[PDB]
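Given next, in structure tokens, is a single chain: the form deposited in one PDB entry.
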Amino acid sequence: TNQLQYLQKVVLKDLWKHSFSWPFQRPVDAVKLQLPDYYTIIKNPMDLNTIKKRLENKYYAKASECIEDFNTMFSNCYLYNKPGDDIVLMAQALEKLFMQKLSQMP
């Protein structure tokens, strides 16, 4: 709960306010984006609002488990999309920021 609080107040907050965060703020809306294959290819969907709601309602038992959700979020993007896709560049940049902030965790 020392570190979970970091991930809430610092990591999540900074990722959320970064301008690349917007595709990752809600779950993928497959109807609106017309991706009928998405939730078949991506079996463990994850997004920043889920991670937040999960912190807010104390779903996590350990910092490690919150970190793995962030990583699933990014790996989901890489699996569904292609190298050189705009969405993949955004995700890689958010991932860099993410590591940057992990380095400075308590």
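Sequential numbering from 1, following the sequence displayed. The term rigid core refers to the most C-alpha atoms you can superpose between the two forms while keeping them within 1.5 Å.
Form deposited in another entry: not shown, discussed below.
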**Message:** Superposing the core, which one of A63, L48, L55, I42 shows a C-alpha shift reaching 2 Å or more between the shown form and the other one?
**Reply:** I42
**Request:** Pin down for me whether the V88-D37 Cα distance shrinks or grows in the other entry relative to this form (closer or farther, change of 3 Å or more).
**Result:** closer
**Message:** Closer or farther: the C-alpha atoms of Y78 and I42 in the other entry, versus the form shown, with a change of 3 angstroms or more?
**Reply:** farther
